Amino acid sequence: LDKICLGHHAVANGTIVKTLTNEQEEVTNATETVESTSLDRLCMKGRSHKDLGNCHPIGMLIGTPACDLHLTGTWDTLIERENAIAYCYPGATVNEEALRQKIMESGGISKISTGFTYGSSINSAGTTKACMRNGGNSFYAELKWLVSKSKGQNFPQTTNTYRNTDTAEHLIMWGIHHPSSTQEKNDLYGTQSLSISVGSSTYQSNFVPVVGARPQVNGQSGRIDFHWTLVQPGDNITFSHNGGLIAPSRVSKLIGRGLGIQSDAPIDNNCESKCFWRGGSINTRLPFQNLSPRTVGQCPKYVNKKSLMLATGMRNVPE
């Protein structure tokens, strides 16, 4: 008797996928939803970026020698590398990580001179073999190491005031020097009890030099720690000090917004990406990703899974 029969296609070996009710369902086809592959490069096409190489973001503001080409500029993407240098003279910044993040959320840095001057009783031009430029001794480009001009004398009580006449807030930084011995402290500031006060309309604080023997770092047992604050438009900030201040010769203004990336991957200007990680860039259209929980940009969501395949065909029912 004559016949017409209905049916569907099948393939030789299907692809296994998961369902609600079955861990081992066979279908005629499937495609991956978890991205396991990365490009081992920072994809910078379409971006105004600054590769800081050797310079740590904080060194941009205080003017460490490794940061000379990064003292000002604009960018929509800022790239920090491992082991970068902030401090040539050994020290540390209070609230360091908050400061680094702030620099790395920014789109640029301007510099504005403080205008500070000093009597011929103060000497402001001192340098150190720990901070070197042009084969010679130097110092943080944006600050100055004030000491007494005639050794051993009590450093004069001094007032220096910076005035934000702009319409945006400025970030001001200063250092406090912590000598490694009593004689050292006396040689460069005198025998008097030292004090450094710092006041604006929205901030004040005092600082006294810790003196004591400690290990040499980059040849120095002394230390200079950094401090910072934001000075609002129309506000002034005054420094009263009689020894131990490392005074700013310039202040900074962070401009706009940018994306901060920490990675040692090399720059490629001929690919684009919106998602970066320590190892490179992630350019996938896929919704998920198992490369790293630490990503930046606009990124597929991190998942704990090697693979999750989505069926693109019917049940496979082979002959």
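Numbers for residues come from their place in the sequence shown, where the first is 1.
Annotation for 173-181 versus 187-195: the higher mean temperature factor (C-alpha) is found in 187-195. Relative to its counterpart among 244-252 and 143-151, 143-151 has the higher mean temperature factor, C-alpha atoms as listed in the PDB entry. Residue-level inspection of the entry shows that, of 10, 299, 308, 303, 10 has the top Cα B-factor.
By the numbers in the PDB entry, the CA B factor is greatest at 26 among 51, 26, 264, 272. Among the modelled residues of its chain, residue 100 has a C-alpha B-factor that falls in the lowest third, as given in the PDB entry.
When the CA B factors of the chain's modelled residues are split into thirds, the value for residue 91 lands in the middle one. Sorting the modelled residues of the chain by their CA temperature factor places residue 75 in the lowest third. Compared with the other modelled residues of the chain, the Cα B-factor recorded for residue 208 ranks in the highest third.
Residue 129: CA B factor lies in the highest third for its chain, per the PDB record.
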